[PDB]
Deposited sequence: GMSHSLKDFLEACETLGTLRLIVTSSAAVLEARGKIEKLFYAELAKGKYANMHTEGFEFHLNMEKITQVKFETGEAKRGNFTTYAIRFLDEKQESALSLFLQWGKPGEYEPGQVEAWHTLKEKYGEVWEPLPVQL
């Protein structure tokens, strides 16, 4: 399965509140927010998807993402729902988790929206070449 990473990122707006996770060699930042109002720009280093919210800013070099995977886990006694954006080394450059309110209480239709994306794009898939 091969799909547009741009289309997919925009489609993540349907997931409601997310926990966006980016990890370096030594740090982790886990930001709470909804994906929306994405803007794109091409630079020397890559073709970027970008977001500016009140609490945080986000940039994704779409050209470096080789595969996207859906994943569930266990937290409390409840299921977690994640989407991983993997790089050439098969390491997660970005992870998106559905964000609950009180522990395990997801937003109405949120878990459904996640399954809808997984069914539409597939369990694991590779992005098509990026064109801005």
- Task: Quickly check which stretches of the deposited sequence aren't in the model, judged by C-alpha, and list them in order.
- Result: 1, 77-78
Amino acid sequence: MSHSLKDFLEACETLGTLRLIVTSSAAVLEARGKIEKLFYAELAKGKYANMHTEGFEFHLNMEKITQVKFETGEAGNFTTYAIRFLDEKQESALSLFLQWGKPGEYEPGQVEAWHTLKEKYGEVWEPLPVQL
From here on, numbers count along this sequence of modelled residues.
- Sort the modelled residues of this chain by their C-alpha B factor and say whether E36 lands in the lowest, middle or highest third. highest
- Item | Within-chain third of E10 by Cα B-factor, per the entry | middle
- Task: Place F85 in the lowest, middle or highest third of its chain's C-alpha B-factors, as listed in the PDB entry.
- Result: lowest
- Task: Would you check the entry's CA temperature factor for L43 and let me know if it's in the chain's lowest, middle or highest third?
- Result: highest
- Of the three thirds of the chain ranked by Cα temperature factor, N50 occupies the middle
